[PDB]
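File shown: data.cif (mmCIF, C-alpha atoms).
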```cif
data_protein
loop_
_atom_site.label_atom_id
_atom_site.label_comp_id
_atom_site.auth_asym_id
_atom_site.auth_seq_id
_atom_site.Cartn_x
_atom_site.Cartn_y
_atom_site.Cartn_z
CA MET L 1 0.00 0.00 0.00
CA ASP L 2 1.05 3.50 -0.83
CA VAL L 3 1.10 5.89 2.06
CA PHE L 4 0.79 9.66 1.62
CA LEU L 5 3.01 11.99 3.47
CA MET L 6 3.69 15.59 4.19
CA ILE L 7 7.34 15.75 5.47
CA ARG L 8 7.63 18.94 7.51
CA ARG L 9 10.38 21.23 8.88
CA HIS L 10 10.46 25.06 9.40
CA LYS L 11 7.90 26.40 6.90
CA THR L 12 9.20 23.77 4.47
CA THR L 13 6.87 20.93 3.72
CA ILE L 14 7.23 18.10 1.20
CA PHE L 15 4.37 16.09 -0.30
CA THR L 16 5.37 12.60 -1.37
CA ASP L 17 4.16 9.01 -1.14
CA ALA L 18 5.95 5.70 -0.44
CA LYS L 19 5.08 2.09 0.32
CA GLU L 20 3.87 1.12 3.80
CA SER L 21 6.71 -1.49 3.68
CA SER L 22 9.23 1.24 2.80
CA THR L 23 11.76 2.03 5.59
CA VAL L 24 12.37 5.23 7.51
CA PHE L 25 15.88 5.23 6.05
CA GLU L 26 14.62 5.11 2.44
CA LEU L 27 12.47 8.14 3.20
CA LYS L 28 15.57 10.07 4.34
CA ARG L 29 16.93 9.11 0.92
CA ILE L 30 14.02 10.73 -0.87
CA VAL L 31 14.55 13.80 1.29
CA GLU L 32 18.20 13.86 0.31
CA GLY L 33 17.35 14.06 -3.35
CA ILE L 34 15.01 16.97 -2.65
CA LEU L 35 16.55 19.14 0.10
CA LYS L 36 20.09 17.92 -0.78
CA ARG L 37 21.03 16.54 2.69
CA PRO L 38 22.52 13.14 3.55
CA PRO L 39 20.41 10.68 5.58
CA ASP L 40 22.84 10.90 8.53
CA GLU L 41 22.24 14.64 8.82
CA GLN L 42 18.49 14.30 9.19
CA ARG L 43 16.13 12.97 11.84
CA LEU L 44 12.54 11.99 11.11
CA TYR L 45 9.81 12.24 13.74
CA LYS L 46 6.22 11.26 14.28
CA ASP L 47 4.71 13.63 16.85
CA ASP L 48 7.93 14.09 18.87
CA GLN L 49 8.90 10.43 18.55
CA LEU L 50 12.22 9.86 16.84
CA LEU L 51 11.95 7.05 14.27
CA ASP L 52 14.44 4.20 13.61
CA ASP L 53 15.85 3.89 10.09
CA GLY L 54 15.29 0.16 10.02
CA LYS L 55 11.57 0.47 10.76
CA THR L 56 9.00 0.37 7.96
CA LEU L 57 6.62 3.35 7.68
CA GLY L 58 3.90 0.77 8.32
CA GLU L 59 5.43 -0.12 11.68
CA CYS L 60 5.94 3.56 12.47
CA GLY L 61 2.16 4.05 12.24
CA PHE L 62 1.82 5.28 8.62
CA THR L 63 -0.95 3.20 7.00
CA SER L 64 -3.43 3.57 4.16
CA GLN L 65 -6.15 4.52 6.64
CA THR L 66 -3.86 7.20 8.07
CA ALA L 67 -1.78 8.53 5.20
CA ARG L 68 -4.59 9.29 2.71
CA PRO L 69 -4.16 11.53 -0.34
CA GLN L 70 -6.78 14.05 0.89
CA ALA L 71 -5.35 13.87 4.37
CA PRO L 72 -1.63 12.95 4.31
CA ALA L 73 0.20 11.95 7.48
CA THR L 74 2.78 14.40 8.84
CA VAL L 75 6.46 13.54 9.40
CA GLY L 76 8.73 15.87 11.37
CA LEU L 77 12.17 16.70 10.00
CA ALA L 78 15.25 18.10 11.83
CA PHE L 79 18.59 18.93 10.17
CA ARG L 80 22.35 19.43 11.02
CA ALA L 81 24.59 16.32 11.38
CA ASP L 82 25.33 14.53 14.66
CA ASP L 83 27.40 17.63 15.74
CA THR L 84 24.29 19.13 17.39
CA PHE L 85 21.10 18.36 15.43
CA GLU L 86 18.61 21.25 15.69
CA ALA L 87 15.48 20.82 17.80
CA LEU L 88 12.34 19.86 15.86
CA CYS L 89 10.43 22.96 14.77
CA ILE L 90 7.31 23.02 12.58
CA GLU L 91 5.87 26.41 11.67
CA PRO L 92 2.06 26.04 11.79
CA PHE L 93 -0.03 27.19 8.82
CA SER L 94 -1.82 30.58 8.75
CA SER L 95 -5.25 30.85 10.37
CA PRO L 96 -8.53 31.18 8.42
CA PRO L 97 -10.72 34.30 8.99
CA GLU L 98 -14.42 34.06 9.97
CA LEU P 63 -31.34 10.64 -25.91
CA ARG P 64 -34.31 8.58 -24.70
CA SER P 65 -34.99 4.97 -23.59
CA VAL P 66 -35.66 2.51 -26.43
CA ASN P 67 -39.00 0.75 -25.99
CA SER P 68 -38.12 -2.95 -26.16
CA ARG P 69 -40.37 -4.84 -23.83
CA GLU P 70 -37.29 -7.05 -23.01
CA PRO P 71 -36.86 -7.32 -19.23
CA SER P 72 -33.44 -6.62 -17.71
CA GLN P 73 -33.00 -7.07 -13.99
CA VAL P 74 -30.63 -4.49 -12.56
CA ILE P 75 -29.09 -3.76 -9.22
CA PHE P 76 -28.41 -0.23 -8.02
CA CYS P 77 -25.44 -0.35 -5.62
CA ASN P 78 -24.80 3.10 -4.07
CA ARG P 79 -21.04 3.20 -3.21
CA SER P 80 -21.00 6.89 -2.37
CA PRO P 81 -21.39 9.17 0.69
CA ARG P 82 -24.48 10.76 -0.88
CA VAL P 83 -28.23 9.99 -0.88
CA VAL P 84 -28.73 9.02 -4.54
CA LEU P 85 -31.69 9.96 -6.77
CA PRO P 86 -31.89 7.57 -9.76
CA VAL P 87 -33.37 9.07 -12.88
CA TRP P 88 -34.90 7.09 -15.69
CA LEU P 89 -35.15 8.87 -19.07
CA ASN P 90 -38.69 8.73 -20.57
CA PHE P 91 -39.55 7.33 -24.04
CA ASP P 92 -40.05 11.04 -24.78
CA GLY P 93 -36.68 11.89 -23.24
CA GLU P 94 -38.10 13.31 -19.97
CA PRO P 95 -36.23 12.75 -16.69
CA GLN P 96 -38.29 10.49 -14.37
CA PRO P 97 -37.20 10.34 -10.74
CA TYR P 98 -37.31 6.98 -8.92
CA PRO P 99 -37.18 6.38 -5.09
CA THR P 100 -33.96 7.55 -3.33
CA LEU P 101 -31.08 5.29 -2.21
CA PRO P 102 -29.57 5.96 1.27
CA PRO P 103 -25.77 6.58 1.52
CA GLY P 104 -24.55 2.98 1.50
CA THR P 105 -27.47 0.87 0.31
CA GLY P 106 -28.26 -1.07 -2.85
CA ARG P 107 -31.54 -2.33 -4.35
CA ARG P 108 -32.85 -4.62 -7.05
CA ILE P 109 -34.64 -2.93 -9.93
CA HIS P 110 -36.68 -4.21 -12.87
CA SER P 111 -35.85 -2.34 -16.04
CA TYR P 112 -35.44 -3.33 -19.71
CA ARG P 113 -32.69 -3.63 -22.32
CA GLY P 114 -32.19 -0.25 -23.98
CA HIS P 115 -33.45 2.01 -21.20
CA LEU P 116 -31.41 4.99 -20.03
CA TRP P 117 -30.60 5.81 -16.45
CA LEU P 118 -28.70 8.59 -14.80
CA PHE P 119 -27.86 9.29 -11.15
CA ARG P 120 -27.52 12.44 -9.09
CA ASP P 121 -27.32 13.58 -5.48
CA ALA P 122 -30.92 13.67 -4.23
CA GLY P 123 -30.54 16.93 -2.36
CA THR P 124 -28.40 19.07 -4.71
CA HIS P 125 -28.47 17.25 -8.01
CA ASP P 126 -24.66 17.06 -8.10
CA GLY P 127 -23.75 14.61 -10.85
CA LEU P 128 -22.65 11.07 -10.05
CA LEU P 129 -21.08 8.28 -12.04
CA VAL P 130 -22.55 4.85 -12.74
CA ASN P 131 -19.97 2.23 -13.79
CA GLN P 132 -17.56 5.06 -14.59
CA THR P 133 -19.73 6.64 -17.29
CA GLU P 134 -22.44 9.26 -17.23
CA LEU P 135 -25.37 7.09 -18.36
CA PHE P 136 -26.31 3.49 -17.51
CA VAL P 137 -28.09 1.32 -20.08
CA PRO P 138 -29.41 -2.09 -18.80
CA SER P 139 -28.12 -4.89 -21.03
CA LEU P 140 -28.78 -8.56 -21.89
CA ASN P 141 -29.62 -9.89 -18.46
CA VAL P 142 -30.35 -13.65 -18.78
CA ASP P 143 -27.02 -15.45 -17.98
CA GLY P 144 -25.74 -14.57 -14.48
CA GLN P 145 -28.68 -12.25 -14.67
CA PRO P 146 -28.46 -9.10 -12.51
CA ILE P 147 -26.61 -6.24 -14.21
CA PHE P 148 -24.67 -4.14 -11.68
CA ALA P 149 -24.96 -0.34 -11.58
CA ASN P 150 -22.14 1.00 -9.40
CA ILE P 151 -22.88 4.53 -8.32
CA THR P 152 -19.79 6.55 -7.28
CA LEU P 153 -18.73 10.19 -6.77
CA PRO P 154 -16.69 11.57 -9.72
CA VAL P 155 -13.47 13.50 -9.02
CA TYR P 156 -15.11 16.93 -8.88
CA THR P 157 -12.82 19.88 -9.62
CA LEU P 158 -11.72 21.80 -6.50
CA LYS P 159 -13.76 24.86 -7.66
CA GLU P 160 -16.86 22.73 -8.06
CA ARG P 161 -16.15 21.03 -4.78
CA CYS P 162 -16.03 24.40 -2.99
CA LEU P 163 -19.21 25.65 -4.63
CA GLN P 164 -20.94 22.47 -3.28
CA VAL P 165 -19.73 23.15 0.25
CA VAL P 166 -20.61 26.85 0.24
CA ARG P 167 -24.15 26.20 -1.23
CA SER P 168 -24.65 23.61 1.49
CA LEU P 169 -23.82 26.31 4.06
CA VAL P 170 -25.39 29.54 2.84
CA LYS P 171 -29.08 30.24 1.97
CA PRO P 172 -29.65 31.18 -1.70
CA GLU P 173 -31.14 34.46 -0.46
CA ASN P 174 -27.73 35.22 1.11
CA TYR P 175 -25.20 34.47 -1.66
CA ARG P 176 -25.06 38.22 -2.36
CA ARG P 177 -23.86 38.85 1.23
CA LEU P 178 -20.72 36.77 0.70
CA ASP P 179 -17.57 38.76 0.17
CA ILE P 180 -16.66 37.43 -3.27
CA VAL P 181 -16.26 38.44 -6.88
CA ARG P 182 -19.39 39.11 -8.85
CA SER P 183 -18.56 36.15 -11.13
CA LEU P 184 -18.42 33.68 -8.25
CA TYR P 185 -21.90 34.91 -7.26
CA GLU P 186 -23.08 33.72 -10.66
CA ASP P 187 -21.35 30.34 -10.27
CA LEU P 188 -23.06 29.74 -6.93
CA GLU P 189 -26.60 30.55 -8.16
CA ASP P 190 -25.95 28.31 -11.14
CA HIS P 191 -27.01 25.08 -9.42
CA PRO P 192 -26.37 21.61 -10.89
CA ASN P 193 -29.45 20.76 -13.08
CA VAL P 194 -30.58 17.57 -14.88
CA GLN P 195 -32.31 19.13 -17.90
CA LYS P 196 -29.29 21.33 -18.31
CA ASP P 197 -26.98 18.30 -18.30
CA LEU P 198 -29.23 16.55 -20.78
CA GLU P 199 -29.13 19.54 -23.10
CA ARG P 200 -25.36 19.33 -22.60
CA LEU P 201 -24.90 15.64 -23.43
CA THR P 202 -27.22 16.10 -26.40
CA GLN P 203 -25.21 19.11 -27.54
CA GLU P 204 -22.30 16.64 -27.76
CA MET J 17 10.99 16.19 -10.80
CA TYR J 18 9.70 18.57 -8.09
CA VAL J 19 8.65 22.23 -7.74
CA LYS J 20 8.20 24.81 -5.03
CA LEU J 21 5.01 26.76 -4.36
CA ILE J 22 5.31 29.57 -1.81
CA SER J 23 2.45 31.04 0.15
CA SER J 24 1.94 34.70 0.99
CA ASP J 25 3.03 34.06 4.57
CA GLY J 26 6.24 32.32 3.46
CA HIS J 27 5.59 28.56 3.67
CA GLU J 28 7.22 26.46 0.96
CA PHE J 29 5.54 23.36 -0.47
CA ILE J 30 7.62 20.97 -2.55
CA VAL J 31 5.30 18.98 -4.81
CA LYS J 32 5.94 16.72 -7.81
CA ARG J 33 5.84 18.56 -11.18
CA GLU J 34 3.17 16.27 -12.66
CA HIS J 35 0.97 16.89 -9.64
CA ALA J 36 1.31 20.67 -9.89
CA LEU J 37 0.54 20.62 -13.64
CA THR J 38 -2.95 19.69 -12.51
CA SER J 39 -3.34 23.44 -12.40
CA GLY J 40 -3.36 25.12 -15.77
CA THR J 41 -2.37 28.41 -14.22
CA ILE J 42 0.72 26.87 -12.58
CA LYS J 43 1.48 24.97 -15.77
CA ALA J 44 1.78 28.38 -17.38
CA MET J 45 3.34 30.32 -14.49
CA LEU J 46 6.23 27.95 -14.80
CA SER J 47 7.08 26.19 -18.08
CA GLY J 48 5.85 29.51 -19.56
CA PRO J 49 6.29 29.53 -23.38
CA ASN J 58 11.52 25.86 -10.48
CA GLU J 59 9.52 28.03 -8.03
CA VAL J 60 6.23 29.95 -8.01
CA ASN J 61 5.31 32.61 -5.48
CA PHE J 62 1.64 33.23 -4.60
CA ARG J 63 1.30 36.64 -2.93
CA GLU J 64 -2.44 36.11 -2.53
CA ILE J 65 -2.86 32.50 -1.31
CA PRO J 66 -2.26 31.80 2.45
CA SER J 67 -0.72 28.65 4.06
CA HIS J 68 -4.03 27.20 5.28
CA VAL J 69 -5.26 27.47 1.66
CA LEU J 70 -2.22 26.29 -0.33
CA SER J 71 -1.86 23.19 1.89
CA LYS J 72 -5.39 22.13 0.79
CA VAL J 73 -4.62 22.84 -2.86
CA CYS J 74 -1.58 20.52 -2.73
CA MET J 75 -3.68 17.85 -0.95
CA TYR J 76 -6.23 18.16 -3.78
CA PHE J 77 -3.43 17.56 -6.31
CA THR J 78 -2.47 14.21 -4.78
CA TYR J 79 -6.17 13.38 -4.45
CA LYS J 80 -6.86 14.20 -8.09
CA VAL J 81 -3.86 12.33 -9.43
CA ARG J 82 -4.69 9.31 -7.33
CA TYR J 83 -8.38 8.94 -8.15
CA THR J 84 -9.09 10.19 -11.64
CA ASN J 85 -9.87 7.29 -13.97
CA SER J 86 -10.08 4.76 -11.15
CA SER J 87 -12.45 1.83 -10.61
CA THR J 88 -11.77 1.87 -6.83
CA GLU J 89 -14.53 3.70 -4.90
CA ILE J 90 -13.77 7.42 -4.41
CA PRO J 91 -13.86 9.21 -1.02
CA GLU J 92 -15.18 12.72 -0.48
CA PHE J 93 -12.68 15.61 -0.67
CA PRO J 94 -13.17 17.28 2.78
CA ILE J 95 -13.26 21.07 3.13
CA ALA J 96 -13.72 22.84 6.43
CA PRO J 97 -16.26 25.67 6.55
CA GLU J 98 -13.62 28.37 7.39
CA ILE J 99 -11.44 27.49 4.40
CA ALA J 100 -14.28 27.31 1.87
CA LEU J 101 -14.40 30.91 0.68
CA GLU J 102 -10.66 31.31 0.30
CA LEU J 103 -10.14 27.86 -1.17
CA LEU J 104 -12.85 28.73 -3.74
CA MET J 105 -10.96 31.82 -4.85
CA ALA J 106 -7.68 29.95 -4.90
CA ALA J 107 -9.28 27.19 -6.92
CA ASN J 108 -10.85 29.65 -9.29
CA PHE J 109 -7.51 31.32 -10.05
CA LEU J 110 -5.60 28.04 -10.40
CA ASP J 111 -8.12 26.54 -12.83
CA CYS J 112 -8.58 23.24 -11.06
#
```

As structure tokens, what does this structure read like?
Amino acid sequence: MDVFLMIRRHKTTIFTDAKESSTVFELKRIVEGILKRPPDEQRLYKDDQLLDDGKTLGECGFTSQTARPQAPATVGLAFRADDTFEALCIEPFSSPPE
Amino acid sequence: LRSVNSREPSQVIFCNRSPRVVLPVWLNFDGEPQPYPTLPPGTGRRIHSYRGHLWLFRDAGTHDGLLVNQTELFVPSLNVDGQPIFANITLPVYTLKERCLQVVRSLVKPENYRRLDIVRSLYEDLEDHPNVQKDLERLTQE
Amino acid sequence: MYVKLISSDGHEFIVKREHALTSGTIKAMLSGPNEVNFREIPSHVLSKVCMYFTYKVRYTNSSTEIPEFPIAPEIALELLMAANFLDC
């Protein structure tokens, strides 16, 4: 099953999909291609829960009933190598009027 | 664009696989839309129709268009041999504009569209409700 | 392979090029006769637009039952205008 994500870090947010059987590490790969940053310099979260590279997205809680196209699951991102990785920060979206 | 009158029975089954209350519409031998009883959000029902007839489905409360077996119109076919012909009713992929007009209409009274803070042209688009005769005139003009 | 759409308030959305082409306007803004900056569309609107792109690309011409595209009441009026300008 494809899973639909919204990888987020500091006003930056990536929309991509992957297989539920895909691994956290392979996702860091996809991020590398995009934001040009090696897997080892990035940390991926799920609501303040650091994820293990060997874990499948499925295991990490990203499923077809949770990562839907119309309502993608969110994945936190944090940069800088192991020489002091930044703290996870996600800028919220603007607020509607009314 | 009317039902052919072949007194050949065709047993059909209307399965409503959509979040909406469906209003099936049979097209008259004269081409007039004839509304049948409404199908609740997840139900299905067995219908007696005939080879050659023309059916079309819409949302019962707003006439938004719906699909039946992927196309626009359903025509019951040669039944006898596994018999029941399946009519799968599903939502189409509306455009985002259309989708928003559906949500706003469902929220504001027609008498109040003019109080919304939007372009004059979007006012027109809102008052221009989905319509069956209009869609027929459309398909025909195609 | 990808493209960047930036909201009025600064957020940057990286989406696949095919997905963004879903919008005629964007297909022209870029690839005209990369990035795209929308000085009029806010974050809470552009995030829905991008979600609609994945939704559209995933379900058009599909036998598998289609789910409703959700839209909160507060986002409706602005999404409408965004949708109207983007031609999608």

Decode the PyMOL selection byres ((chain L) within 8 of (chain J)) for the given file into explicit residues and return them as an MDAnalysis selection string.
chainID L and resid 11:16 34 69:72 93:98

Tell me, as an MDAnalysis selection string, which residues lie within 7 Å of residue L:25, counting all atoms listed in the file; anything in the same chain fewer than 4 positions away does not count.
chainID L and resid 29 53:54

Restricting it to C-alpha atoms, dump the selection as a short mmCIF file (atom, residue, chain, number, x, y, z; two decimals), in the frame of the given file.
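Generated output (selection16.cif):
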```cif
data_model
loop_
_atom_site.label_atom_id
_atom_site.label_comp_id
_atom_site.auth_asym_id
_atom_site.auth_seq_id
_atom_site.Cartn_x
_atom_site.Cartn_y
_atom_site.Cartn_z
CA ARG L 29 16.93 9.11 0.92
CA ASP L 53 15.85 3.89 10.09
CA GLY L 54 15.29 0.16 10.02
#
```

Run the PyMOL selection byres ((chain P and resi 77) around 8) mentally over the shown coordinates, then write out the matched residues as a short mmCIF file (atom, residue, chain, number, x, y, z; two decimals) with C-alpha atoms, in the frame of the given file, using the chain letters and numbers from the document.
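Saved the output as selection.cif:
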```cif
data_model
loop_
_atom_site.label_atom_id
_atom_site.label_comp_id
_atom_site.auth_asym_id
_atom_site.auth_seq_id
_atom_site.Cartn_x
_atom_site.Cartn_y
_atom_site.Cartn_z
CA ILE P 75 -29.09 -3.76 -9.22
CA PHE P 76 -28.41 -0.23 -8.02
CA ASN P 78 -24.80 3.10 -4.07
CA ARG P 79 -21.04 3.20 -3.21
CA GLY P 104 -24.55 2.98 1.50
CA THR P 105 -27.47 0.87 0.31
CA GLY P 106 -28.26 -1.07 -2.85
CA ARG P 107 -31.54 -2.33 -4.35
CA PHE P 148 -24.67 -4.14 -11.68
CA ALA P 149 -24.96 -0.34 -11.58
CA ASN P 150 -22.14 1.00 -9.40
CA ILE P 151 -22.88 4.53 -8.32
#
```

What residues in chain J lie within 6 Å of chain P, counting all atoms listed in the file, written as a ChimeraX atom specification?
/J:100,104,107-108,112

Using all atoms listed in the file, can you tell me which of P:202, P:96, P:124, P:141 comes closest to residue P:71?
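Ranking P:202, P:96, P:124, P:141 by distance to residue P:71, first place goes to P:141.
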
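Atom to atom, atom CA of residue P:97 and atom CA of residue P:187 stand 25.5 Å apart.
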
Hey, which of L:67, L:31, L:87, L:78 ends up closest to residue L:9? Count only C-alpha atoms.
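For residue L:9, the nearest of the given residues is L:78.
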
What's the 10 Å shell around residue J:42, counting all atoms listed in the file, without same-chain residues fewer than 3 positions away, as JSON, numbers by chain?
{"J": [21, 33, 36, 37, 38, 39, 45, 46, 47, 48, 59, 60, 109, 110, 111]}

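Atom pair atom CA of residue L:66 / atom CA of residue L:79 has a distance of 25.4 Å (rounded to one decimal).
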
In Å, with one decimal, what is the gap from atom CA of residue P:137 to atom CA of residue P:123?
23.7 Å

Long-range neighbours of residue P:100 as a ChimeraX atom specification, 8 Å cut-off, only C-alpha atoms, 4 positions minimum in chain
/P:83-86,122

For the provided coordinates, the residues matched by the PyMOL selection byres ((chain P and resi 112) around 6) should be stated as a list in words.
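Here the PyMOL selection byres ((chain P and resi 112) around 6) matches residues 70, 71, 72, 111, 113 and 115 of chain P.
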
Among the residues L:81, L:22, L:74, L:63, the one that comes closest to residue L:42 [using only C-alpha atoms]:
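Between L:81, L:22, L:74, L:63, the residue approaching residue L:42 most closely is L:81.
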
Output, as JSON, the centre and edge lengths in Å (one decimal) of the axis-aligned box that contains all listed atoms of stretch 21-39 of chain J with 8 Å of margin on each side.
```
{"center_x": 2.1, "center_y": 25.5, "center_z": -4.5, "size_x": 27.0, "size_y": 34.4, "size_z": 34.2}
```

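Using only C-alpha atoms, the smallest distance between any of L:52, L:82, L:62, L:44 and residue L:3 comes from L:62.
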
Go ahead and find all residues with at least one atom no further than 8 Å from (-36.0, 1.5, -27.8) in the file's coordinates, using all atoms listed in the file; report them as a list in words.
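Counting all atoms listed in the file, I find these residues within 8 Å of (-36.0, 1.5, -27.8): residues 64, 65, 66, 67, 68, 91, 114 and 115 of chain P.
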
Mind checking which residues fall within 6 Å of residue P:117, counting all atoms listed in the file, ignoring those fewer than 5 positions away in the same chain, and posting them as a PyMOL selection string?
chain P and resi 87-88+135-136

Taking the block just given, write stretch 163-185 of chain P to a file that holds N, CA and C atoms, as a compact mmCIF listing (two decimals), in the first residue's frame.
```txt
# COMPACT_ATOMS: atom_id res chain seq x y z
N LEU P 163 -17.87 25.12 -4.41
CA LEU P 163 -19.21 25.65 -4.63
C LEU P 163 -20.24 24.73 -3.91
N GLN P 164 -20.01 23.41 -3.93
CA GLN P 164 -20.94 22.47 -3.28
C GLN P 164 -20.98 22.71 -1.78
N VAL P 165 -19.81 22.91 -1.19
CA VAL P 165 -19.73 23.15 0.25
C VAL P 165 -20.31 24.50 0.66
N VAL P 166 -20.05 25.55 -0.11
CA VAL P 166 -20.61 26.85 0.24
C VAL P 166 -22.15 26.82 0.11
N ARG P 167 -22.67 26.29 -1.00
CA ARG P 167 -24.15 26.20 -1.23
C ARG P 167 -24.80 25.47 -0.08
N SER P 168 -24.14 24.41 0.37
CA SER P 168 -24.65 23.61 1.49
C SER P 168 -24.61 24.38 2.81
N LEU P 169 -23.92 25.53 2.83
CA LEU P 169 -23.82 26.31 4.06
C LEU P 169 -24.63 27.58 4.06
N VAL P 170 -24.65 28.29 2.94
CA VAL P 170 -25.39 29.54 2.84
C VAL P 170 -26.76 29.48 2.08
N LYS P 171 -27.75 30.21 2.59
CA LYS P 171 -29.08 30.24 1.97
C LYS P 171 -28.99 31.00 0.65
N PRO P 172 -29.69 30.53 -0.39
CA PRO P 172 -29.65 31.18 -1.70
C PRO P 172 -29.93 32.68 -1.63
N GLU P 173 -30.77 33.07 -0.68
CA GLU P 173 -31.14 34.46 -0.46
C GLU P 173 -29.96 35.27 0.10
N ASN P 174 -28.91 34.57 0.52
CA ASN P 174 -27.73 35.22 1.11
C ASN P 174 -26.42 35.12 0.33
N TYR P 175 -26.45 34.57 -0.88
CA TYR P 175 -25.20 34.47 -1.66
C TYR P 175 -24.61 35.87 -1.86
N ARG P 176 -25.48 36.83 -2.15
CA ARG P 176 -25.06 38.22 -2.36
C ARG P 176 -24.42 38.91 -1.14
N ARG P 177 -24.47 38.27 0.04
CA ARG P 177 -23.86 38.85 1.23
C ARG P 177 -22.46 38.29 1.46
N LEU P 178 -22.05 37.36 0.60
CA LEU P 178 -20.72 36.77 0.70
C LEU P 178 -19.74 37.76 0.12
N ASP P 179 -18.55 37.82 0.68
CA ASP P 179 -17.57 38.76 0.17
C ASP P 179 -16.73 38.18 -0.98
N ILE P 180 -17.36 37.99 -2.13
CA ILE P 180 -16.66 37.43 -3.27
C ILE P 180 -16.93 38.16 -4.56
N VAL P 181 -16.12 37.85 -5.56
CA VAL P 181 -16.26 38.44 -6.88
C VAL P 181 -17.69 38.28 -7.40
N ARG P 182 -18.07 39.17 -8.29
CA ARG P 182 -19.39 39.11 -8.85
C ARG P 182 -19.53 37.80 -9.65
N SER P 183 -18.46 37.36 -10.31
CA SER P 183 -18.56 36.15 -11.13
C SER P 183 -18.76 34.88 -10.33
N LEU P 184 -18.24 34.85 -9.09
CA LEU P 184 -18.42 33.68 -8.25
C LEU P 184 -19.82 33.63 -7.72
N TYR P 185 -20.48 34.79 -7.68
CA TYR P 185 -21.90 34.91 -7.26
C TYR P 185 -22.74 34.15 -8.28
```
